[PDB]
Amino acid sequence: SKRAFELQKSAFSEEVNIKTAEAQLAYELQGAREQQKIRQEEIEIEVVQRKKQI
Amino acid sequence: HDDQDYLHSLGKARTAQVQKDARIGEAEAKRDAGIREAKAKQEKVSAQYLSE
């Protein structure tokens, strides 16, 4: 009985840990995805500036 | 009265012969208690893990 219980508990812990591990790093994934556009505009700043430095 | 311990051993023989019965009864009782105590322990643990 102890073996059956431990096997089932470890099996459940497998996917619960998988889902958690996705959960923490979804934040970083979306943060980088947004930083793409953030830096795009932060660098378009001086593009616009140098356009009229002409 | 015997000061040579002649009759004390003759008395002690039957005391041993009854003490063997005294021990056999205790052995019966202990085995009979332990068998079903362990079995009931087994069922309760099995059900507890089933609930877990």
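Protein sequences, first through last, are from chains A and E.
Count along the first sequence starting at 1, add 214, and that's the number in the UniProt record's numbering.
Count along the second sequence starting at 1, add 154, and that's the number in the UniProt record's numbering.
Ideal Cβ positions, reconstructed from N, Cα and C, are used throughout, including at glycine.
- In the DSSP annotation of this structure, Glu206 of chain E is not part of any alpha helix (DSSP H), being labelled neither H nor E.
- Taking 7 Å as the cut-off, the beta carbon of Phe219 of chain A is found closer than this to the beta carbon of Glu206 of chain E.
- When the beta-carbon positions are compared, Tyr203 of chain E and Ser224 of chain A stay at least 7 Å from each other.
- By the rule that beta-carbons nearer than 7 Å mark a contact, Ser224 of chain A does not touch chain E.
- Where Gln238 of chain A is concerned, the enclosing alpha helix (DSSP H) starts and stops at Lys216 to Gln267.
- The three-state secondary structure of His162 of chain E, taken from DSSP, is helix.
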